[PDB]
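What follows is each chain in one-letter form.
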Amino acid sequence: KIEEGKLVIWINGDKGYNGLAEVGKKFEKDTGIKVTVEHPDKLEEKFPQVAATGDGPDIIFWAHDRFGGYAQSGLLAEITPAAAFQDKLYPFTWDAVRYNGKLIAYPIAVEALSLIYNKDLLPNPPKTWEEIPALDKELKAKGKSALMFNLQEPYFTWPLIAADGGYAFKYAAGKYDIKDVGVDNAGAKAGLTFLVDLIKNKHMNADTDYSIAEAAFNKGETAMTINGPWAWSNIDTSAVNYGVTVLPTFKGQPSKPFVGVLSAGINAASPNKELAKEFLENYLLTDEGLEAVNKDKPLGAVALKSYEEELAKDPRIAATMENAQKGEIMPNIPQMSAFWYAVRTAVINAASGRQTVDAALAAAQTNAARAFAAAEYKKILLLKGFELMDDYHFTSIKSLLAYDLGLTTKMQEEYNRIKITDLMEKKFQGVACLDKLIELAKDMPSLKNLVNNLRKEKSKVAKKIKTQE
Ligand SMILES: OC[C@H]1O[C@H](O[C@H]2[C@H](O)[C@@H](O)[C@@H](O)O[C@@H]2CO)[C@H](O)[C@@H](O)[C@@H]1O
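Residues numbered from 1 in each chain as written, not as in the entry; some residues may be left out. Heavy atoms only, no water. Residues with missing side-chain atoms left out of burial classes, pairs and counts.

Trainee: Is there a simple way to explain a negative patch on the surface in this structure?
Mentor: Together, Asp287, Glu288, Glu291 and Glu310 make up a region of like negative charge exposed at the surface. Here the element with the most residues in the negative patch is helix α12 (residues 287-296); it accounts for 3 residues. Note that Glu310 resides in helix α13 (residues 305-311). We classify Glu310 as partly exposed; its relative accessible area is 45%. (Patch = residues over 30% accessible without salt bridge, like charges linked within 9 Å, V, L, I, M, F, W, Y side chains within 5 Å. Areas by Shrake-Rupley, 256 points an atom, 1.4 Å probe, with all protein chains shown as cover. Salt bridge = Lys/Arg side-chain N within 4 Å of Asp/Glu carboxyl O. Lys, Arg positive; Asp, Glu negative; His and termini not counted. Charge placed at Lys NZ, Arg CZ, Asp CG, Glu CD. Helix = DSSP H or I, 4+ residues; strand = E, 2+ residues; numbered from the N terminus. Buried < 20%, exposed > 50% of the residue type's maximum accessible area, 1.4 Å probe, protein only.)

Trainee: What's the story with the site of the ligand in this structure? I'm lost.
Mentor: Around the ligand sit 16 residues in total, of which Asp14, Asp65, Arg66, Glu111 and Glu153 are the nearest. The contact in question runs from an oxygen atom of the ligand to an N or O atom on the side chain of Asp65, over 2.7 Å. Interatomic distance of 2.6 Å between a side-chain N/O atom of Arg66 and an oxygen atom of the ligand. In the complex, 94% of the free accessible area of the ligand, which totals 470 Å², lies under the protein chains. Put simply, the parts of the chain that give the shell around the ligand at least two residues each are β3 (59-63), α7 (154-163) and α15 (336-352). The element contributing the most residues to the shell around the ligand is α7, with 3 residues. Tallied by class, the residues present in the shell around the ligand amount to 8 nonpolar, 1 polar and 7 charged. (Near = heavy atom within 4 Å. Polar contact = N/O pair within 3.5 Å; in protein donor to acceptor, adjacent residues only side chain to side chain. Nonpolar A, V, L, I, M, F, W, Y, C, P; charged D, E, K, R; others polar.)

Trainee: What am I meant to see in the packing of helix α1 (residues 17-31) against helix α11 (residues 273-284) here?
Mentor: Packed helix pairs are specified by the crossing angle of their axes together with the interaxial distance, meaning the distance between the axes. Put simply, α1 and α11 touch, their axes get as near as 11 Å, and they point 115° apart. Judged by the sense of rotation from one axis to the other, the crossing of α1 with α11 is right-handed. Touching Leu20, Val23, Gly24, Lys26, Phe27 and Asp30 of α1 are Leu275, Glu278, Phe279, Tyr283 and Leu284, all from α11. Partitioned by chemical class, the residues of the contact of α1 with α11 number 7 nonpolar, 1 polar and 3 charged. (Axes fitted to C-alpha atoms, helices over the stretch in contact; angles between N-to-C directions. Left-handed = near helix turned anticlockwise from the far one by under 90°. Contact = heavy atoms within 4.5 Å.)

Trainee: Would you mind showing me how to read the sheet that holds strand β7 (residues 114-118) here?
Mentor: Sheet strands pair by backbone hydrogen bonding; their relative direction is either parallel or antiparallel. Taken in spatial order, the 4 strands make up an open sheet running β8-β11-β7-β12, and their pairing is mixed. At either margin of the open sheet sits one strand with a lone partner, and together these are β8 (145-147) and β12 (242-245). Strand-to-strand twist in this sheet, taken as the mean axis angle between neighbours without regard to direction, amounts to 20°. Those strands touched by helix α9 (residues 210-218) are β7, β11 (222-227) and β12, and its axis lies near 135° from that of β11. Docked against the sheet, helix α14 (residues 315-326) engages β7 and β12, running at close to 35° with respect to β12. (Pairing = 2+ DSSP bridges.)

Trainee: Mind showing me how you'd approach α14 here?
Mentor: Its 12 residues place the ends of α14 17 Å apart at the C-alpha level, agreeing with the 16 Å of an ideal helix rising 1.5 Å per residue. Of all the residues in α14, the buried ones are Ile317, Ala319, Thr320, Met321, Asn323 and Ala324. (Expected span 1.5 Å × (residues − 1).)

Trainee: Please clarify how unusual backbone geometry should be interpreted in this entry.
Mentor: Across the chain, the bulk of peptide bonds are trans and the bulk of non-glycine residues have phi less than zero. Even without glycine at this site, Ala173 takes up a positive phi of about 50°. As for its placement among the helices and strands, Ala173 is situated in the loop between β9 (167-172) and β10 (175-182). A residue is classified by how much of its surface remains accessible, and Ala173, at 87% relative accessible area, is exposed.

Trainee: Mind showing me how you'd approach the packing of aromatic side chains here?
Mentor: One pair of aromatic rings is described through two measures. These are the centre distance and the angle between the planes. Taken as a whole, this structure holds 22 aromatic pairs when the rule is applied. A ring pair is formed by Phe85 and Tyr106, whose centres lie 6.0 Å apart and whose planes are at 80°; its orientation type is edge-to-face. One end of the pair, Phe85, is in helix α4 (residues 83-86); the other, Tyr106, is in strand β6 (residues 106-111), with 21 residues separating them in the sequence. A relative accessible area of 1% means that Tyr106 is categorised as buried. Relative to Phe92, the ring of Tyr90 lies with its centre 6.4 Å away and its plane at 40°, an arrangement referred to as tilted. For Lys15, the ring lying beneath its charged end belongs to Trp230, and the centroid distance is 5.0 Å. Stacked on the ring of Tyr415, the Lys or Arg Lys419 has its end atom at 5.5 Å from the ring centre. (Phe/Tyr/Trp six-rings, centres within 6.5 Å; stacked < 30°, edge-to-face > 60°. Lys NZ or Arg CZ within 6 Å of the ring centre and 35° of its normal.)

Trainee: I keep staring at the environment of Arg66 and nothing clicks. Help me out?
Mentor: Position of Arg66 among the secondary structure elements: in the loop between β3 and α3 (67-72). Sequence separation between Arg66 and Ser263 is 197 residues; the distance between their C-alpha atoms is 9.9 Å. When near neighbours in sequence (up to four residues on either side) are disregarded, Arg66 contacts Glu44, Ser337, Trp340 and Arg344.

Trainee: Help me understand the environment of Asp120, please; the structure alone is not making it clear to me.
Mentor: With respect to the helices and strands, the residue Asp120 is situated in the loop between β7 and α6 (132-140). According to the relative accessible area criterion, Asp120 is exposed, its value standing at 56%. Here the alpha-carbon distance between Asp120 and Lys219, two residues 99 residues apart in the chain, equals 13 Å.

Don't take any of this as a statement about function, it's just geometry.
Structure follows, in C-alpha cells:
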C-alpha cells in the first residue's frame, strides 16, 4: 500500500525537513516522481509498527542505533552502493550502518551533544559539572539559571552517566556482549546521583523537556544548555550570542556522549527502491543536497567527505567532534530499543523521586541485560497463551487490556492474537507481558490449565536465564 512512482520520506521533527523537502522538489522536477517529506510525532516507533505490515515510508531517517533492530525485523533493504560511491563517505560512518556483515542504510551525518553557553552571561563557562551548583546560585540572584537541558530523554543525561564509568553494552574483542550491561555500576550511579542532587537542590527541575530548555536558553533565561547541531539555527535566529564547547567533566573525567549517525534506510516493502537509491546517492548525498538540509537545521559532521572538508572549518563542528571523540559510537544491535526504554524509565523515576537512584538503575540493569529474551517471552505469550484460548476468552482479555493498550471498539473487534501480543509486549516489556496475561487470566476458571502452564513457561525461561548467567 506504499504507492509506486512516488517517494514518501520520514525524518524527525528536530531535523531540517524543509531543506530535505527542497531536495525532494528538485528530484520531482527532474524525474516526475513526487517526493513527500513527513515528520510524524513518534517516528522511531511508528515506523517499525507500520513497516512490519508493509506500509510506511519508502525512506526512514533516524540515528543508526535503531537500524540493527529494523534490519533483524526484516524492515530494511540491503544497501549495495558501488565502490566509487562508498569512497565518498567516511569509513566509520559506513561502519555505523553495517549489521551482520551487510550495509543496511546510507549514513548522512555524525551527531554528538556539546555544551552550549551564552557568551554574554557566561564568558568563561565551567569546565566541571561540580562547579554548576555554585554557578546556579550566583545566577539565581540575577534572575537567571545556570543550566537547562532535556531531562525526559536519556540521550541528554547519558554523557554524565557514562563519564565515571557507565556503559550500555560492553564492547571487547570487536563484539558487544548483550548480557554485560553497565547501567548500575559505580560510575553510572555516581553520575545519575549528581543529576538528581542538582534537582533536589533546585538547580534544575525534573520536568524540564526539550522545548522548555531550548526556549529558556534562546530567551537568555539560562546560561547553558546541552544540545546537538540541529539546535544551532534557532539560536542564530535569537538574540543570544552563543559558543559551542566541550562538555563539563565529572570526577575529572570527560562527559561521554553517545554518538549518533543520522542514517537513511530503504523500506524493504518499498516498490521504489531504485528511485530511493537515486535520491539518496545522487541528490541528498551531494554537496548541494546536504547544504540544503544543513541551512535549515545543521546536520553536524557530515558523512560526505567533500562537504565535510568545508564544515570542519566551523569551530562549532570542531567542538562537536571533540565531544564525539570523548564519547562512544552507539551500538546498532537490536537490543538498543529495550536499553533506551530501561534507561529512560530509570532517569525519569530517579529525577522525579519515584525511585532512588540505586533502585532505578538496578531495575534498568536487569531490564536491559534480559532484553535478549524478549522474543522468547513474546513467543510464549502468543503460542502458549493466546493461541490456546478460544475467541471468546481472547475477546475478554482484549476488553481488559483496552484502557492500557488504547483499544477502541473497532480495534477490540478486529485485532488478532499476534497484534495483541505485539501491543502488550511494547507496553509490558519482556517478562512483564507474560506476567500481565497471568494476572488477567488467573481468575477465569476455564483458563486454569492455561495459566498453570504459563507460570511454568515463565519459570522455565527464568531458569535458562539463571543458567546462562
Ligand atoms: O533518548 C533516547 C534516544 O536517544 C537518541 O535519540 C536522539 C537522536 O539521536 C538525536 O538525533 C536527536 O533527535 O535527539 C534524540 C534524543 O531525543 C537515539 O538515537 C534514540 O534511538 C533513543 O531513543
